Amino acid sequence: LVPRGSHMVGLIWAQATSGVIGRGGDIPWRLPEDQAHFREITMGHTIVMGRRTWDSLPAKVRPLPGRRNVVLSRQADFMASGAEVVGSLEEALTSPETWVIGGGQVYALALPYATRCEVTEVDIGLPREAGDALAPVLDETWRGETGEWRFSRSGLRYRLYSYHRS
């Protein structure tokens, strides 16, 4: 689907229905169903994340296994064992296909370059609070399909969106 001379940038995230994606250095829900989805989309690929998202990764999956982990930071001395640290968005997006995997800051920055968004919406009414990381806002140029609600094993509802643009 992607010619090898191109540079497809895609964003992938999970959000509460309020747009909250992050809080207290973590994701404020647990959803193995979403974890599986995230892996299906990103496995084998270059993935790009902000330094705080690197910090947020559970120790057991830092770096995220089976993927080329790229961490954006302005700290030259940052230690991200098993990953590479780059100081600019430009050096981060050199692969023919890249998945930007968080967090709020990096989604916001990368969106203008992006032509795919893979979104999980969790049916949880978490009000927005000072300091929360939020999902980026998609304008009218985006289009795609909204999947049906499904219950997770725990009875938490979720659904998937698959957006793209030209």
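Each residue number is its position in the shown sequence, starting from 1. Only the largest set of C-alpha atoms that superpose within 1.5 Å between the two forms is called the rigid core.
Student: Between 120 to 128 and 50 to 58, which one strays more from this form in 9 other deposited structures of this protein if you match the rigid core and compare Cα atoms?
Tutor: With the rigid core superposed, the C-alphas that lie farther in 9 other deposited structures of this protein are those of 50 to 58.
Student: Using RMS Cα distance over all structures and residues, flag whichever of 138 to 146 and 13 to 21 lies farther from this form in 9 other deposited structures of this protein after a core fit.
Tutor: Per-stretch check in 9 other deposited structures of this protein: the more divergent one is 138 to 146.
Student: Which is higher on average in the deposited entry, the C-alpha temperature factors of 13 to 21 or of 149 to 157?
Tutor: Comparing 13 to 21 with 149 to 157, the higher mean C-alpha B-factor belongs to 149 to 157.
Student: What stretch has the higher average Cα B-factor here, 133 to 141 or 106 to 114?
Tutor: It is 133 to 141.
Student: Return the residue from 41, 49, 59, 31 that has the highest Cα B-factor in the entry.
Tutor: Answer for 41, 49, 59, 31: 59, with the highest C-alpha B-factor.
Student: Pick out which of 124, 36, 101, 119 has the highest C-alpha B-factor in the PDB entry.
Tutor: Comparing C-alpha B-factors across 124, 36, 101, 119, the maximum falls on 124.
Student: For residue 72, does the deposited CA B-factor place it in the lowest, middle or highest third of the chain?
Tutor: Lowest third - that is where residue 72 ends up once the chain's C-alpha B-factors are sorted.
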